[PDB]
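Counting starts at 1 for both ligands and their atoms, following the listed order. What's counted below: heavy atoms across the whole structure, side chains too, no hydrogens, waters or symmetry copies. Below, chains carry the letters A, B, ... as their sequence lines are ordered, and counting in each starts from 1.
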Amino acid sequence: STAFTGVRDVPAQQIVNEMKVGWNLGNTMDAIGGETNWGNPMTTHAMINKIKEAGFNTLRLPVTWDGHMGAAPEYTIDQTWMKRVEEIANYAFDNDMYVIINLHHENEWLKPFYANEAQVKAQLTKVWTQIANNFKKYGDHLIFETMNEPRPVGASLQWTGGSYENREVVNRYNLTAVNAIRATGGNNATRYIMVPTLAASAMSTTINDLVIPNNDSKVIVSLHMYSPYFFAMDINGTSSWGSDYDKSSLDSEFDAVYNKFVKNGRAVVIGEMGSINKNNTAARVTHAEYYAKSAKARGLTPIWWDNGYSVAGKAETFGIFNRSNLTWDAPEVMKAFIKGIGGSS
Amino acid sequence: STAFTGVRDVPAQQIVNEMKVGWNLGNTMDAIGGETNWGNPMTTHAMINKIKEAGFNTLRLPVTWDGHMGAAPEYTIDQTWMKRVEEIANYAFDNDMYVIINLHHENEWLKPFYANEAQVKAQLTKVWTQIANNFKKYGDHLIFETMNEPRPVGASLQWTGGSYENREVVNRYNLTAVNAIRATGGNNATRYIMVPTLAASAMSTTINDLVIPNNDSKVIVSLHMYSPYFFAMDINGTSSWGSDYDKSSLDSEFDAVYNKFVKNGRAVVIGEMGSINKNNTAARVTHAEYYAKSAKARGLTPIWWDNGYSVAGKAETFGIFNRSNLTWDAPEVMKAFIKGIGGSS
Amino acid sequence: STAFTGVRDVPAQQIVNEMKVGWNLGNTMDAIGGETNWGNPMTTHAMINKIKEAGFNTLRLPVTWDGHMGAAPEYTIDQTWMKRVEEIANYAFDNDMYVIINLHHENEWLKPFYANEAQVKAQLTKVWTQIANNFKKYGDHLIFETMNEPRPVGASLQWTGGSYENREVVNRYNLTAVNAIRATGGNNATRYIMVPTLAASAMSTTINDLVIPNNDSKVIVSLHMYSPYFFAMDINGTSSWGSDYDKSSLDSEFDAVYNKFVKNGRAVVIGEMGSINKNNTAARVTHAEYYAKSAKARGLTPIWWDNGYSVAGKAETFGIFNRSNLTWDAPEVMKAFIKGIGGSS
Amino acid sequence: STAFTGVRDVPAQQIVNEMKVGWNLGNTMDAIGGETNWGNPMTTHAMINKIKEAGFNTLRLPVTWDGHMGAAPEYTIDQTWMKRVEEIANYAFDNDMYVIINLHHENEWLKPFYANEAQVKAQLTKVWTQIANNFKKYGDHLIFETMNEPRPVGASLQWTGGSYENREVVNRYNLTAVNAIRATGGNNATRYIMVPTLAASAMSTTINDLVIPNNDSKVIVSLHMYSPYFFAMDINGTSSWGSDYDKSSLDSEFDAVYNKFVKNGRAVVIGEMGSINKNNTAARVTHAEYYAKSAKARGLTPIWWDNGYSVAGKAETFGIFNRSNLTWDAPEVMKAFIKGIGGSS
Amino acid sequence: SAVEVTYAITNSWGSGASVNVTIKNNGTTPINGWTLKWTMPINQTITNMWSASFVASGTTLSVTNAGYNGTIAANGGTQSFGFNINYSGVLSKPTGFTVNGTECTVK
Amino acid sequence: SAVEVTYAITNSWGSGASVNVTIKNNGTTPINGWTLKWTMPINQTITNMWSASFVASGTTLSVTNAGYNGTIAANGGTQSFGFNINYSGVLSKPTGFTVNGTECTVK
Amino acid sequence: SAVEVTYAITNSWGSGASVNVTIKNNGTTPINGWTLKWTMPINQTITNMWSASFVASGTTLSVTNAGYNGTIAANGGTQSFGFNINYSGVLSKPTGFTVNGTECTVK
Amino acid sequence: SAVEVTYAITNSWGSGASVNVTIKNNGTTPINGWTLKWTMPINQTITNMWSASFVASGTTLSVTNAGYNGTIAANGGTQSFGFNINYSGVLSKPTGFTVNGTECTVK
Ligand SMILES: OC[C@H]1O[C@@H](O[C@H]2[C@H](O)[C@@H](O)[C@H](O[C@H]3[C@H](O)[C@@H](O)[C@H](O)O[C@@H]3CO)O[C@@H]2CO)[C@H](O)[C@@H](O)[C@@H]1O
Ligand SMILES: OC[C@H]1O[C@@H](O[C@H]2[C@H](O)[C@@H](O)[C@H](O[C@H]3[C@H](O)[C@@H](O)[C@H](O)O[C@@H]3CO)O[C@@H]2CO)[C@H](O)[C@@H](O)[C@@H]1O
Ligand SMILES: OC[C@H]1O[C@@H](O[C@H]2[C@H](O)[C@@H](O)[C@H](O[C@H]3[C@H](O)[C@@H](O)[C@H](O)O[C@@H]3CO)O[C@@H]2CO)[C@H](O)[C@@H](O)[C@@H]1O
Ligand SMILES: OC[C@H]1O[C@@H](O[C@H]2[C@H](O)[C@@H](O)[C@H](O[C@H]3[C@H](O)[C@@H](O)[C@H](O)O[C@@H]3CO)O[C@@H]2CO)[C@H](O)[C@@H](O)[C@@H]1O
Ligand SMILES: OC[C@H]1O[C@@H](O[C@H]2[C@H](O)[C@@H](O)[C@H](O[C@H]3[C@H](O)[C@@H](O)[C@H](O)O[C@@H]3CO)O[C@@H]2CO)[C@H](O)[C@@H](O)[C@@H]1O
Ligand SMILES: OC[C@H]1O[C@@H](O[C@H]2[C@H](O)[C@@H](O)[C@H](O[C@H]3[C@H](O)[C@@H](O)[C@H](O)O[C@@H]3CO)O[C@@H]2CO)[C@H](O)[C@@H](O)[C@@H]1O
């Protein structure tokens with residue numbers, strides 16, 4: 001097990017390298033209303049075994065805590081919920097994997113505005129204090145991600161960089177979250193931590209305004225890059241990918257991240273990416289393999305968003321693993337992604 | 001007259017601030033086959049007077065020299081051609097304007113590959129030596145732009161950042177051009193010079209690979225940013241502009257340039273931008289004014305691409321000035337653009 | 001009291017500015033064999049009151065722990081000793097001062113060589129765990145200084161920058177010390193921490209090789225600058241100070257520090273400085289006032305080394321406060337030092 | 001001959017590496033009152049041949065121009081003097097060496113004060129235009145050094161960093177000199193140029209305030225470092241050199257330069273250094289060899305100051321070559337210096 | 001608010017005045033390309049501005065950095081500009097200020 | 001002179017006032033660790049100062065940067081600080097300033 | 001070419017060997033995120049690699065930097081990585097290399 | 001050691017060979033101005049060297065960086081140089097190295 005291997009003092013880039021390539025247990029512990037509320041089966045050790053066998057070395061474990069905690073001032077998190085997150089993490093540690101645990105769909109309380117700041121900070125502190133306390137003994141194969149995609153809600157703002165206000169308050173929240181984690185002491189004082197830009201966007205506005213809490217070298221940047229948008233995400237966007245223009249455009253997105261962070265020693269994880277199923281396997285194969293090798297060439301570790309929904313022709317069909325069958329619903333795509341990542345032997 | 005006022009030593013950013021906002025004499029001296037061959041009238045002093053009056057302080061004067069020069073080894077530029085370029089520059093100097101003179105459609109000889117580098121450098125050297133010598137007498141209101149949009153040929157490559165080879169060779173050509181200009185001495189030793197990225201693209205790949213010749217502090221970056229593509233350039237793209245997403249996306253384009261260059265003391269001119277006419281005046285007005293003020297907030301000076309073609313509903317209809325009768329074909333778009341630029345009084 | 005004010009998230013430079021100017025309780029808790037063992041009386045609250053009243057806002061409390069701790073593996077520190085340190089700290093907190101507590105004459109065990117590294121790190125961890133745990137509740141007015149003047153043993157090496165090995169290992173120990181402190185959690189995870197260069201020397205060799213543990217922005221650099229050597233430290237050196245040369249040489253020493261650290265946002269405390277008594281009060285007055293104002297002009301906070309020994313004509317006579325009398329042995333030196341520091345009112 | 005080999009676009013550090021190690025024709029063309037007026041014989045090709053044979057690859061040719069020029073506006077330089085300087089330079093090019101030509105003892109007119117700036121810049125411009133024009137055809141083996149040790153006049157200020165005013169104005173003069181050189185065009189637009197800090201001092205104050213004219217990448221910093229002062233330069237100072245402290249102190253002086261300039265890609269030549277004759281050959285041999293290898297380990301090319309005066313027990317006895325005899329007055333010092341430098345074969 | 005604006009009068013001459021504005025960023029995030037907006041009192045007109053440029057639109061006055069001073073550093077950083085006004089009646093100061101959308105404090 | 005100092009009154013309440021000072025460096029060399037000196041009219045006393053500290057000696061006033069704002073960048077860089085004064089009589093302002101020994105232009 | 005690849009044998013033991021590769025960039029533009037491609041000689045298999053990762057496809061070997069060493073600086077910068085191979089008989093060396101599409105000189 | 005030296009054979013021809021040497025710094029502190037010292041095997045002479053210079057004293061070799069490659073960055077940074085030798089007998093390699101006084105691991 002990699003659960004309790006202690007905490008190294010290596011540069012975060014080395015950790016990101018070992019993380020290698022990851023898979024999200026999406027629409028699960030992040031589902032509003034509980035683990036099985038969004039149509040996934042209860043998660044098993046056998047499922048995670050398959051994820052490791054495929055070539056993934058990181059399990060991102062997104063968790064929505066809203067709905068599982070009491071009121072101010074303590075915001076006590078339900079103990080069964082906490083221990084269930086821990087149980088699933090150990091499925092992965094048994095496989096010698098890295099695990100990332102975050103706060104996910106917390107928009108009902110985590111609001112990046114000056115007017116909400118004081119109260120949100122208080123809640124963030126209590127929430128992270130409890131999570132960090134529960135996982136204190138775990139070594140550096142456990143990575144905390146302070147928040148998911150903190151942003152102003154409101155349809156017209158969905159793909160924007162928000163306001164200077166929002167970006168400033170997000171930076172303040174990341175600091176509050178990191179300090180709360182570190183204040184519990186032990187391995188939490190030295191473990192690696194991921195922090196997002198506003199909306200975890202890699203756009204210039206948000207990556208240029210990111211401030212690393214305490215300038216901490218143990219901090220890793222968290223970005224979500226479902227690129228290119230129309231191919232990867234839009235049920236009505238093109239089902240083709242692979243032209244010289246496509247490749248160059250994807251390279252350029254990564255180059256922005258390489259130049260801002262990676263080449264200056266600031267490590268970066270793409271904690272979510274992937275494509276939906278437009279019944280276009282050959283295109284998704286070309287895209288997945290190129291995404292993987294292009295991202296890896298910029299020092300980036302990509303993590304596939306798998307929400308357990310893989311039906312051809314429907315929106316949000318990012319699922320590639322069949323959890324009920326323990327087989328791959330999109331074997332070619334998965335294999336291509338892994339193949340693109342390469343390896344050291 | 002900003003003809004022979006000498007060459008100041010101020011920060012390149014101050015020059016760019018003074019240039020303020022510009023207008024291109026497009027499809028004129030850049031037109032294949034001569035000044036009137038692409039449907040524009042012979043340029044007159046009266047035309048440029050109107051440009052100044054509208055509030056523009058910079059005339060970009062694109063010139064295609066291919067077709068007006070002899071064979072190797074001297075590549076002698078036709079005296080009559082050179083004299084005509086100078087005559088037009090002086091229409092602007094009389095108005096106390098900045099003038100940018102470049103090499104424009106030189107694609108037939110200016111090729112960014114290792115295989116061509118030796119030939120291209122010899123010619124580039126001879127061409128800039130002659131242009132620099134002819135214009136040596138003019139002060140810092142005359143700016144040289146070393147090349148237009150150097151890139152590998154091929155429609156499939158048009159919106160890409162080229163290969164590493166292409167970007168390396170473009171950096172080599174910029175060095176060659178700058179050295180050729182500087183070597184003529186006098187005012188050309190201290191003149192301000194614009195250099196482009198590959199394709200003059202603002203994409204991360206190309207701006208991140210730009211190398212400033214000799215780290216010369218008198219060098220200004222030249223980018224072309226017809227943003228956003230679908231609205232501004234694509235005859236089949238949307239006719240609407242002005243949502244929160246629109247504003248945010250454009251801001252972020254400029255933010256990439258601010259963070260890479262401007263905030264580090266490297267000045268930047270957007271030598272070409274604009275929108276075509278899709279019978280969408282109100283949208284174009286909203287876009288032009290927002291573009292101007294957004295760009296200016298990142299220290300950038302935008303220059304409108306005017307090719308003298310303004311027919312509603314056709315591609316490439318960037319023209320806003322009516323050269324035949326000295327009125328504006330798009331008065332409102334022009335006024336909005338200028339209004340967004342603002343002023344010091 | 002400033003004992004329990006909590007911990008701010010401001011830049012360390014602001015903390016250094018508020019620290020303002022300090023006084024060392026020298027040859028006391030740092031004395032080999034006990035507080036009174038080097039001729040100083042037992043420290044009283046009344047003594048520290050005089051320090052504050054003279055205008056000092058920081059008490060540096062050097063402590064030698066060797067001799068008050070058990071053997072491996074626990075290296076348990078005498079609890080009586082620990083409580084005594086805490087008690088003196090509270091004399092200063094009662095006066096609303098900053099307090100710095102270090103490890104001081106630890107050279108019998110703290111050896112910066114690869115061969116000793118594992119054992120030294122083990123002892124450093126245990127020692128800082130205990131000190132940090134004891135003071136966990138204290139707010140940001142309590143600063144830990146990880147080591148004093150760690151360096152290779154030997155009289156011939158005293159004023160050298162050691163070897164690369166020595167400097168590399170010092171950096172490793174600083175990280176070890178900082179991690180040990182932070183791992184105790186609470187205010188220890190967020191308090192400000194000072195770390196020395198090898199020998200706490202400001203020489204280029206050693207400041208150039210300093211690595212900040214985790215790049216942590218809460219870390220402050222600790223330097224000792226008894227400059228200029230001949231006048232300040234050497235009983236056989238000149239008794240005069242005040243020429244343009246003297247002023248310029250001193251400025252330049254501070255300029256090295258400003259340029260390497262302060263101007264880059266890395267805060268610096270000159271934790272020890274001062275002059276000996278060569279029956280040259282006027283010169284010392286001139287030196288002290290200029291030192292204070294020159295250091296402060298570079299954002300540096302200086303702390304006078306006061307070993308309680310003020311006898312004219314003898315070596316090591318840095319004492320300026322008379323502890324038995326509650327009066328100043330060198331009132332003019334003291335007053336000029338304070339005067340040079342200035343204030344905000 | 002290396003006289004007319006044209007000009008490469010290589011990094012200045014490569015140029016400095018090739019210069020390798022140098023020797024000053026001191027108290028010669030820099031002498032007030034004529035080439036032989038300070039005790040040296042008329043320079044011959046034979047002498048220069050011996051310099052090359054010994055292993056030096058750079059001749060620094062200091063020239064005082066004051067005393068050989070008219071008054072404003074033209075400050076015309078005596079052509080006979082100009083050609084004699086050129087003749088000597090060619091003795092060196094015939095030996096395939098580098099040559100540095102400077103302005104040397106110009107203190108009577110070169111005054112670094114706001115009040116003198118306008119007039120001094122006018123003279124500087126006239127002086128460098130003439131020198132540059134005379135040597136315009138020479139390739140990159142000819143290097144110009146803009147000024148020698150510009151500083152405020154006064155014995156008491158000799159070893160200071162001057163005032164901010166002085167350092168600002170020195171930076172203005174360097175830009176004036178560089179612009180004058182570059183404005184003459186041709187090889188002058190691209191050759192490598194050396195510029196001094198105030199007083200050519202390597203102290204923190206002066207190296208920190210150096211501003212590279214136009215950020216020009218072909219500019220090399222010129223520093224004079226007769227270190228350590230007491231051994232190298234002070235007739236009433238120690239005659240011994242070689243302790244661990246001596247070596248560490250020398251290393252540290254070079255470390256300041258390495259860290260400020262060399263490691264950032266800004267190349268540096270120590271244009272003057274050396275030791276006087278205190279009848280201490282063994283010590284000077286130890287010092288000379290260590291100086292060379294330590295300097296070289298930090299990318300620095302050192303150049304020995306030889307004023308042709310080698311009398312033991314006397315001040316200013318830096319001479320090591322016997323010009324009248326074509327032998328070495330200090331064969332062992334010379335050989336150790338060269339041995340310290342090493343080689344590529 | 002973590003952003004403060006200081007609007008101060010450098011000099012006045014009965015029919016006009018010279019103003020200096022200092023924007024101070026006490027927040028954690030640099031302001032990359034500052035813009036400053038306020039409501040212009042009646043009876044006042046900006047005659048010229050330095051270190052910044054402006055657009056007057058109704059009673060709204062929008063000021064933009066000059067590029068070289070575009071970034072206001074976090075944790076106490078400042079940037080400053082100035083301008084001359086002509087005025088009549090009483091010389092009032094603007095009441096509100098917003099910087100890149102954020103409401104400022106008035107020092 | 002290439003160094004300009006702007007001394008401006010932010011607000012005044014009969015018996016006291018608030019001052020903002022901006023120092024501008026138009027020269028080629030950064031000022032690394034700025035200090036500002038002037039002679040203060042006798043009817044005035046500084047009560048408190050921010051972003052800087054000072055030493056008052058009679059009417060001689062020496063102001064030193066606060067570290068984080070210690071460098072005034074070349075080619076138009078600025079740094080600013082402020083303070084409150086108590087005063088009687090007519091409020092005057094200093095008319096000459098030196099920064100690190102360089103006489104300034106008062107704008 | 002301005003990019004040079006040095007392929008050198010650190011150690012060999014008849015059935016296997018250890019290789020060190022150094023890529024040198026002599027051009028003017030930094031290579032931001034290097035990749036290196038060559039044709040794997042017959043009878044050779046990479047067993048493990050450090051300071052880089054690879055994808056073997058057919059006779060094609062594609063190597064990618066490890067992030068911290070991703071930028072090969074211009075004007076003579078280098079980055080290096082190494083690996084072990086198994087081989088049979090004659091230890092052959094690749095004859096050509098491509099770095100980000102650019103054909104290299106083998107030194 | 002936290003410093004590793006890779007000494008590799010680029011090419012050999014029986015009486016001579018080409019060597020590539022890579023120094024890797026796995027410690028926390030950058031090596032600012034590297035020097036590398038070792039003992040050459042007997043019957044080997046260095047003919048020329050690039051990207052560094054040397055002083056040979058018997059079989060004692062002291063190599064110095066070429067300035068532009070003087071810093072070996074911490075946490076896995078490398079610098080490299082190469083040289084040719086003539087030799088007789090078996091092509092042996094050095095058994096240890098010292099970098100700025102620090103003993104290296106031979107990889
Ligand atoms: O059908 C089950 C429930 O699905 C909910 O929608 C989720 C999508 O299925 C899921 O793919 C998406 O994942 C997000 C991810 O959480 C976010 O971090 C990332 O930025 O974008 C991904 C793609 O959109 O999350 C959504 C939920 O927010 C339905 O909302 C729910 O009604 C439905 O029962
Ligand atoms: O393709 C040519 C156009 O490129 C534009 O720049 C793009 C950058 O190269 C690209 O890296 C960037 O990518 C963003 C992405 O837009 C955003 O959604 C994501 O979250 O982060 C990515 C990395 O920052 O997008 C920009 C804008 O499209 C030029 O600005 C444009 O002028 C040029 O023609
Ligand atoms: O109708 C006249 C001729 O037009 C030619 O095409 C040009 C467009 O009219 C012109 O607006 C466009 O301008 C370019 C600019 O030169 C380039 O630097 C920038 O990147 O993009 C602008 C928009 O594309 O240039 C094209 C010419 O290259 C027709 O080719 C010609 O047949 C026709 O007679
Ligand atoms: O008073 C008698 C004791 O003095 C001891 O030596 C100390 C000096 O008195 C003391 O002033 C000096 O302070 C050091 C400081 O600790 C160190 O951090 C700094 O670098 O230099 C200062 C000046 O040297 O420390 C020495 C002790 O190390 C004698 O050792 C002791 O025998 C004697 O009784
Ligand atoms: O030796 C310990 C003292 O060192 C002081 O720093 C020295 C620097 O390390 C050293 O590099 C520098 O050297 C200067 C030299 O003084 C100057 O004359 C010459 O022209 O350039 C050299 C390189 O810059 O001198 C400084 C000051 O002596 C520390 O500041 C001091 O605290 C320490 O005890
Ligand atoms: O030979 C007799 C003349 O000597 C003159 O003084 C010079 C010394 O002989 C010479 O060695 C010294 O060199 C300078 C060097 O020019 C300078 O750049 C460097 O910084 O310092 C060196 C000295 O340490 O220059 C002095 C001249 O300035 C006497 O002035 C002259 O009267 C006498 O006849």
- Query: Is it the side chain (CB and beyond), the backbone, both or neither of D/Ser252 that lies under 4.0 Å from ligand 5, heavy atoms counted?
  - Reply: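 Both backbone and side chain.
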
- Could an N or O of ligand 5 be found under 3.5 Å from any N or O of C/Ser204, whether backbone or side chain? yes

- Task: Could you tell me whether some N/O pair between D/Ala202 and ligand 5 is separated by less than 3.5 angstrom?
- Result: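 N/O-N/O distance under 3.5 Å: yes.
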
- Query: Can the ring centroids of A/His224 and A/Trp304 be said to lie less than 6.0 angstrom from one another?
  - Reply: no

- Any chance the rings of A/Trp159 and A/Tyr229 have centres within less than 6.0 Å?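 Yes, ring centres under 6.0 Å apart.
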
- Message: Parallel, tilted or perpendicular, judged at 30° and 60°: which one describes the rings of B/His105 and B/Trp38?
- Response: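 B/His105 vs B/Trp38 ring planes: tilted.
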
- Message: Quick one: does any side-chain atom of D/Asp251 pair with a main-chain N or O of D/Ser248 as donor and acceptor, under 3.5 Å?
- Response: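 Looks like no, no N/O pair under 3.5 Å.
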
- With C/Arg151, which residues qualify under salt bridge (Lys or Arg N to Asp or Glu O under 4.0 Å), at least two apart?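 Applying salt bridge (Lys or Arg N to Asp or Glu O under 4.0 Å) to C/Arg151 gives none.
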
- CD/B/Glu108: more than 12 non-hydrogen atoms of other groups inside 6.0 Å: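 Counting neighbours around CD of B/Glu108, 12 or fewer heavy atoms of other residues, nucleotides or ligands fall under 6.0 Å, so no.
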
Tabulate distances under 3.5 Å between N/O atoms of ligand 1 and N/O atoms of the protein, writing both atom names on each line.
residue: ligand 1; atom: 9 (O); partner: A/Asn27; partner atom: ND2; Å: 2.9
residue: ligand 1; atom: 9 (O); partner: A/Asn307; partner atom: ND2; Å: 3.3
residue: ligand 1; atom: 11 (O); partner: A/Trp305; partner atom: NE1; Å: 3.1
residue: ligand 1; atom: 11 (O); partner: A/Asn307; partner atom: ND2; Å: 2.8
residue: ligand 1; atom: 11 (O); partner: A/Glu316; partner atom: OE1; Å: 3.0
residue: ligand 1; atom: 13 (O); partner: A/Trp305; partner atom: NE1; Å: 3.1
residue: ligand 1; atom: 16 (O); partner: A/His104; partner atom: NE2; Å: 2.9
residue: ligand 1; atom: 16 (O); partner: A/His105; partner atom: NE2; Å: 3.4
residue: ligand 1; atom: 18 (O); partner: A/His104; partner atom: NE2; Å: 3.4
residue: ligand 1; atom: 18 (O); partner: A/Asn148; partner atom: OD1; Å: 3.1
residue: ligand 1; atom: 18 (O); partner: A/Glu272; partner atom: OE1; Å: 3.1
residue: ligand 1; atom: 18 (O); partner: A/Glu272; partner atom: OE2; Å: 3.1
residue: ligand 1; atom: 20 (O); partner: A/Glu149; partner atom: OE1; Å: 2.9
residue: ligand 1; atom: 20 (O); partner: A/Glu149; partner atom: OE2; Å: 2.5
residue: ligand 1; atom: 24 (O); partner: A/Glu316; partner atom: OE1; Å: 3.1
residue: ligand 1; atom: 24 (O); partner: A/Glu316; partner atom: OE2; Å: 3.4

- Item | cation_pi(A/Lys278, A/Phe231) dist<6.0 Å, angle<=45 | yes

